[PDB]
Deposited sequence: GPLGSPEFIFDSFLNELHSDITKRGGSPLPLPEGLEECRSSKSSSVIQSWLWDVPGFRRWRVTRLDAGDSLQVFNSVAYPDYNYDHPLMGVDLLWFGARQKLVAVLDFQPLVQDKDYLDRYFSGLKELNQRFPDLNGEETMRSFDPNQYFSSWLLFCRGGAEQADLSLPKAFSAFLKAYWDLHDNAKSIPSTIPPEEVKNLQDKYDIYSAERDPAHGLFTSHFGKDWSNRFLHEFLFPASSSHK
């Protein structure tokens, strides 16, 4: 809970330091409170220089659930990976699900070579963070060097905090190193590929059940298709 808050504030502080400013969300999607769960989900959009979209979501459902999630979409003139962060803590089962990746637009060797030196290094530094995916395809819109942990309190408390900060710093470094460097994928196709990221991710959505339980079918669907993965229908 406090750990997840610190991630949100670091990200928001970083965004602010970098000249980012808040953007309005579709009405009703910025906050939803569970009529049953005592669960609260809050979301943000940012105008971050170099990025055409940047969303953040924080779900506070006490000891039942904590979530911190964020996706960064670079401006179309950058073909570099998206940032994807999906962190869940299930208090009843003392269960951590932590996924952090630089989600690649393509799997081409040259593209992976170009962008992944930092993530490769992070992956080596935080080995406690082997897991198999049951919904997503590890070869579509994920890299080989993602941090993917299904674990417990030790991982959540001891490794995740420093790993998140390192991951975030490595993502900014990635973006900054891409400034003024030729993109190999041009803007029209970066757009197609980012939109197809939304389409893919909405198709494989592992969260609809959790969302529906807390917030109802209608809100969950709006949230998925209007905020999470806006190019999806």
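Q: Take the full deposited sequence, match it to the modelled residues, and report the stretches without C-alphas.
A: Missing CA coords at 1-6, 136-137, 242-244.
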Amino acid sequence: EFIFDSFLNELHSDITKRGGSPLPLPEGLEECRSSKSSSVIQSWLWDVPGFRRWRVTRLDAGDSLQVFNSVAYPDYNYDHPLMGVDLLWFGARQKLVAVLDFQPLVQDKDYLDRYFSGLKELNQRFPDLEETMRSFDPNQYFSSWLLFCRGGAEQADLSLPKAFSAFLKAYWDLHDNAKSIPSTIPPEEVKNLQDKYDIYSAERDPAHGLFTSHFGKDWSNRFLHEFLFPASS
From here on, numbers count along this sequence of modelled residues.
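Q: Quick check: 202-210 versus 187-195, which has the larger average CA B-factor in the record?
A: So the stretch with the higher mean C-alpha B-factor is 202-210.
Q: Regarding 67-75 and 92-100, which shows the higher C-alpha temperature factor on average in the entry?
A: If you average the C-alpha B-factors of 67-75 and of 92-100, the larger mean comes out for 92-100.
Q: Check the PDB entry and point out which of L146, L82, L160, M133 has the largest C-alpha temperature factor.
A: Max CA B-factor in the entry, restricted to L146, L82, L160, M133: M133.
Q: Of the three thirds of its chain by CA temperature factor, lowest, middle or highest, which one includes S38?
A: CA B-factor rank for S38: highest third.
Q: Could you look up the Cα B-factor of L87 in the entry and say which third of the chain it sits in: lowest, middle or highest?
A: Lowest third of the chain for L87's C-alpha B-factor.
Q: Check where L59 lands among this chain's C-alpha B-factors and tell me if it's the lowest, middle or highest third.
A: For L59, whose C-alpha B-factor we compare with every modelled residue in the chain, the answer is the middle third.
Q: Should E30 be placed in the lowest, middle or highest third of its chain by the C-alpha B factor in the entry?
A: According to the entry, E30 has a C-alpha B-factor in the chain's middle third.
Q: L105's Cα B-factor: lowest, middle or highest third of the chain?
A: Lowest third of the chain for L105's C-alpha B-factor.
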